[PDB]
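Trainee: Sharing a structure, written as structure tokens. Questions coming.
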Amino acid sequence: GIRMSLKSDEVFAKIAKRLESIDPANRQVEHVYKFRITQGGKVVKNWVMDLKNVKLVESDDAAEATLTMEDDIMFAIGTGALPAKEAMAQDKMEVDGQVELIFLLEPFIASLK
Ligand SMILES: CCCCCCCCCCCCCCCC(=O)O
């Protein structure tokens, strides 16, 4: 447990698993998103989910939409307990870039196992 553990790491492992089952013949969301996870206000980890090339990696690259939120918030949204729009209304999540692209991911949350 020497490497910082975050509840949200679990969600990212599930997202990478979900990527394994994409239907190449019927793509639905082809955008690049970045998630900046904070803890105690500081930035602890960055992930880039590239849906154009189909990859999810811990990296600090640029993206079409960037979502910044605390680890607990990412966990809550990713497990389907907190709706994204409510997180935004309560100031628990910040988004830069082409904001509307994030809404395209909502109907896929339920597919995470
Ligand atoms: C609004 C915040 C969403 C955060 C959690 C995202 C979880 C959804 C991840 C789903 C990726 C699967 C996408 C399939 C795309 C496709 O077939 O083209």
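Residue numbers start at 1 in each chain; chains themselves are named A, B, ... in the order of the structure tokens; ligands are numbered from 1 in the order shown.
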Can you list, as a ChimeraX atom specification, every residue of chain A that DSSP puts in helix (DSSP H, G or I)?

Mentor: /A:8-19,71-78,84-89,99-111

Trainee: Store the residues of this selection in a file with C-alpha atoms, as an mmCIF file, in the first residue's frame.

Mentor:
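Now in selection.cif:
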```cif
data_model
loop_
_atom_site.group_PDB
_atom_site.id
_atom_site.type_symbol
_atom_site.label_atom_id
_atom_site.label_comp_id
_atom_site.auth_asym_id
_atom_site.auth_seq_id
_atom_site.Cartn_x
_atom_site.Cartn_y
_atom_site.Cartn_z
ATOM 1 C CA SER A 8 -11.430 6.096 -7.595
ATOM 2 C CA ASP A 9 -8.636 3.780 -8.795
ATOM 3 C CA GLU A 10 -11.294 1.095 -8.684
ATOM 4 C CA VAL A 11 -13.511 2.985 -11.087
ATOM 5 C CA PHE A 12 -10.687 3.499 -13.607
ATOM 6 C CA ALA A 13 -9.858 -0.231 -13.520
ATOM 7 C CA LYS A 14 -13.553 -0.925 -14.317
ATOM 8 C CA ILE A 15 -13.535 1.658 -17.162
ATOM 9 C CA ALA A 16 -10.473 0.030 -18.760
ATOM 10 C CA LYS A 17 -12.373 -3.330 -18.535
ATOM 11 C CA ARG A 18 -15.413 -1.759 -20.190
ATOM 12 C CA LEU A 19 -13.200 -0.647 -23.119
ATOM 13 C CA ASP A 71 -11.642 11.321 -5.266
ATOM 14 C CA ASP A 72 -14.870 10.685 -3.324
ATOM 15 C CA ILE A 73 -16.888 12.518 -5.962
ATOM 16 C CA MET A 74 -15.397 10.562 -8.819
ATOM 17 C CA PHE A 75 -16.168 7.370 -6.863
ATOM 18 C CA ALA A 76 -19.766 8.434 -6.310
ATOM 19 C CA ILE A 77 -20.458 9.355 -9.891
ATOM 20 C CA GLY A 78 -18.663 6.341 -11.300
ATOM 21 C CA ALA A 84 -23.172 14.249 -12.754
ATOM 22 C CA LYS A 85 -25.461 17.237 -13.224
ATOM 23 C CA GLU A 86 -26.178 17.322 -9.462
ATOM 24 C CA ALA A 87 -22.387 17.224 -8.742
ATOM 25 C CA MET A 88 -22.061 20.252 -11.032
ATOM 26 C CA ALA A 89 -24.952 22.115 -9.465
ATOM 27 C CA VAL A 99 -18.524 20.713 -21.627
ATOM 28 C CA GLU A 100 -21.473 19.091 -23.321
ATOM 29 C CA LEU A 101 -19.312 16.163 -24.462
ATOM 30 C CA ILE A 102 -19.378 14.833 -20.855
ATOM 31 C CA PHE A 103 -23.094 14.247 -20.995
ATOM 32 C CA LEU A 104 -22.553 11.689 -23.707
ATOM 33 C CA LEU A 105 -20.976 9.367 -21.120
ATOM 34 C CA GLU A 106 -23.925 9.206 -18.738
ATOM 35 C CA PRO A 107 -25.860 6.348 -20.382
ATOM 36 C CA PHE A 108 -22.731 4.191 -20.081
ATOM 37 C CA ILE A 109 -22.232 4.409 -16.357
ATOM 38 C CA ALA A 110 -24.669 1.478 -15.758
ATOM 39 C CA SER A 111 -22.502 -0.766 -17.969
#
```

Trainee: Of the candidates A:48, A:42, A:112, A:32, which one gets nearest to ligand 1 if we count only C-alpha atoms and all ligand atoms?

Mentor: A:112

Trainee: Taking only C-alpha atoms and all ligand atoms into account, which of A:28, A:21, A:67, A:5 comes nearest ligand 1?

Mentor: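 Counting only C-alpha atoms and all ligand atoms, the residue closest to ligand 1 is A:28.
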
Trainee: So that I can check the surroundings of region 60-64 of chain A, please list as a list in words every protein, DNA and RNA residue that reaches within 12 Å of it, counting only C-alpha atoms and ignoring chain neighbours fewer than 3 positions away.

Mentor: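 The filter keeps residues 30, 31, 32, 33, 34, 35, 36, 37, 43, 44, 45, 46, 47, 48, 49, 50, 51, 52, 56, 57, 67, 95, 96, 97, 98, 99, 100, 101 and 102 of chain A.
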
Trainee: Any idea what the distance is between CA of residue 29 (chain A) and atom 12 (C, counted along the ligand's line) of ligand 1?

Mentor: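 Separation of CA of residue 29 (chain A) and atom 12 (C, counted along the ligand's line) of ligand 1: 7.7 Å.
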
Trainee: Which is closer to ligand 1 than all the others in A:39, A:22, A:66, A:82, using only C-alpha atoms and all ligand atoms?

Mentor: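 Nearest to ligand 1: A:22.
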
Trainee: Taking only chain A into account, list the residues labelled strand (DSSP E or B) by DSSP (computed from the backbone), as a count of residues only.

Mentor: 32

Trainee: Distance CA of residue 54 (chain A)-CA of residue 113 (chain A), one decimal place?

Mentor: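 These two atoms are separated by 18.4 Å.
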
Trainee: Grab the CA of residue 20 (chain A) to CA of residue 68 (chain A) distance for me, in Å with one decimal place.

Mentor: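 Atom-to-atom, CA of residue 20 (chain A) and CA of residue 68 (chain A) are spaced 25.4 Å apart.
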
Trainee: Calculated over only C-alpha atoms and all ligand atoms, which of the candidates A:80, A:2, A:40, A:58 has the smallest distance to ligand 1?

Mentor: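 Checking each of A:80, A:2, A:40, A:58 against ligand 1, counting only C-alpha atoms and all ligand atoms, the winner is A:80.
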
Trainee: Closest to ligand 1 among A:4, A:41, A:59, A:83, using only C-alpha atoms and all ligand atoms?

Mentor: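 Of A:4, A:41, A:59, A:83, the one nearest ligand 1 is A:83, counting only C-alpha atoms and all ligand atoms.
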
Trainee: Counting only C-alpha atoms and all ligand atoms, which of A:27, A:38, A:90, A:79 gets nearest to ligand 1?

Mentor: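 Ranking A:27, A:38, A:90, A:79 by distance to ligand 1, first place goes to A:27.
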